[PDB]
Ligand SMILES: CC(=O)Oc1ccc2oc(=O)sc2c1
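The chain below stands alone and is given as structure tokens, in the form solved without this ligand.
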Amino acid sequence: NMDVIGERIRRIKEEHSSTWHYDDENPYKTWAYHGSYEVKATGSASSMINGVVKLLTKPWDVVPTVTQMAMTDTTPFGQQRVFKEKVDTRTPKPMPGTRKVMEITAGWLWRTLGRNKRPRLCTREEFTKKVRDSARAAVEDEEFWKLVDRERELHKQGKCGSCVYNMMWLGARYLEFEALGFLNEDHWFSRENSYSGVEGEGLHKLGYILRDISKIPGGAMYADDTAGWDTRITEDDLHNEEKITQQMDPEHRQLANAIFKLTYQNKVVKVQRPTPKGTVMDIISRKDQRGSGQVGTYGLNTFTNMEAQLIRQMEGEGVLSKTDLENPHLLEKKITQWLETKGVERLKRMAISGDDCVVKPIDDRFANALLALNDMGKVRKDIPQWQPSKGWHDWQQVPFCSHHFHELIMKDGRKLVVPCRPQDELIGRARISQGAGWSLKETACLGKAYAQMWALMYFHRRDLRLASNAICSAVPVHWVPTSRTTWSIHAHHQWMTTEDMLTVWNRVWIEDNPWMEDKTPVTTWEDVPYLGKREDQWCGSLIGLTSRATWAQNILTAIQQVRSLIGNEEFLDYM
């Protein structure tokens, strides 16, 4: 406890020895409270609207899903209400039999994941290349690595001085990246290496993967959401995730054990809180849960979700009974036999990206196999704890990574599998600019990035292809898209290029598409298919409405208004 986190609290206390106090009425119930100090508020209750795509998407000014997405709250008040919901809770300790099967499955899973790859340290040169107090992009060119070296020497002694978490210091995240970044950089959770994973595959491939899973004989496809996954990571999960250190070299194992013991299994967090005296940052700590702003959070969530779904498949097939989960002397024989004879096959029945999961069990007993899932702490969201799960018998209805996927028939007979989501979520996100003082050019370039992402991923939506062509017609051709649209893991960002969208389309969907055997290229957007009109409307299309027809037939007027305000540059007509 204080032996691991004491030095961190001391340095925070001495750096703010002025304005240091113990608020006797702190609102923390499951976190250990230490102290507080005052700082200026950070964040905002609303976000800036991207005027370029807003002016080109007038019918969606009157849409509630779009209007809501401009009111996110990152203020210290918003910081505190999200803390009450699920962060300030305790997850009950799993039963002794459940803890054994988790430990057996975790070790078997780590051996399988490391059958070809060996763990390795990540480097300052890697961290510096990936970025392309607190820190920005003046810091890697600064010799701030002397700070990193001094903290690493503390980690080599099993101590920690300045690795805290903010609901970050770049030095602590490098040290974490140095010891655990190999999971992401070496793609341990690619589908080839992990069977269930989808890391590096990309949003344009997830639908094909779900379609391949549907070919496996079995029951329905299940995709249960977990209520607050990061808050349900137990001390047993962290101990099971730590077993990867057994495959490391001694110098790597030492730095990773330091990350696990001093940064994951013990954590110091500074959180902002409103008070009748201003804005106050509090210093709390706990021994479980997972920090969301961490490298390897995705990989360790993926690993633990893989293990948990494997265990639920065990219970569905009758390998695990209630008596087994209660038994502190549970035998390993039938658990080990099942994993070594069926484990890889059962892993192939799943698509798992962090807490998002899709599994196709061998039959539908899985739907009512809930003893281990609930006892492990991964309680499903918005459903009675023991009510059976509802699965889908059509992979196209299965939700995964905030998407569903449609199989489309091109006019030449070839088949595409495209990602899709309710259209208001796509338009509402595109109308949101990130930050404060950005010029019209940077605002238009971000809108161009969303337009080209729609041309690559959501071309099959009539409203989006029209809006994408209007945005690209209103933004100068030579302007390069800035920032990122998705901020997500599955985004390969093939739309950031200024290559012809139809050329990039042919590369993504034909040339590089492993599920497309006919490499015959598409020569015109007219040969790029849409969703069925019924499906398009089911997923939020405004086609058929007169406000959409008026907007479509008068779209060049809105494009010219944006061009008039942008200035005298080179434009192209894409309509």
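The numbering used is simple: start at 1 and walk along the sequence shown.
In the deposited entry, the stretch joining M167 to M168 is interrupted by 10 or more residues of the deposited sequence lacking coordinates. In terms of unmodelled positions of the deposited sequence, the stretch from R132 to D133 in this entry skips 10 or more residues. Relative to one another, 203 to 211 and 438 to 446 have unequal mean CA B-factors, and 438 to 446 is the one with the higher figure. 68 to 76 and 173 to 181 differ in mean CA B-factor, and the higher of the two is recorded for 68 to 76.
The top Cα temperature factor in the record, among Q537, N513, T42, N506, falls on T42.
Per the PDB record, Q157 has a higher Cα B-factor than any other of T297, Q157, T112, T323. Among all modelled residues in this chain, the alpha-carbon of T550 has a temperature factor (C-alpha) in the middle third. Sorting the modelled residues of the chain by their CA temperature factor places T520 in the middle third.
Annotation for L330: CA B-factor lies in the middle third of the chain's modelled residues. The entry lists a Cα temperature factor for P419 that places it in the middle third of the chain's modelled residues. When the modelled residues of the chain are ordered by their C-alpha B factor, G532 lands in the lowest third.
The form solved in complex with this ligand is left out here; the points below concern that form.
Proximity of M501 to this ligand in the bound PDB entry: non-hydrogen atoms within 4.5 Å are present. With a 4.5 Å cutoff on heavy atoms, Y530 does not count as touching this ligand in the bound PDB entry; it lies far away. Remark: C472 counts among the residues lining this ligand in the bound PDB entry, judged by a heavy atom distance of 4.5 Å or less. Among residues of the shown chain, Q423 is not one whose heavy atoms approach this ligand to within 4.5 Å in the bound PDB entry. Annotation: in the bound PDB entry, residues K448, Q452 and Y574 each come within 4.5 Å of this ligand through at least one heavy atom. Comment: 464 to 472 is the region of 378 to 386, 330 to 338, 464 to 472, 114 to 122 lying near this ligand in the bound PDB entry, near meaning a non-hydrogen atom within 4.5 Å. Interface residue among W515, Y33, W538, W525, judged by heavy atoms within 4.5 Å of this ligand in the bound PDB entry: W525.
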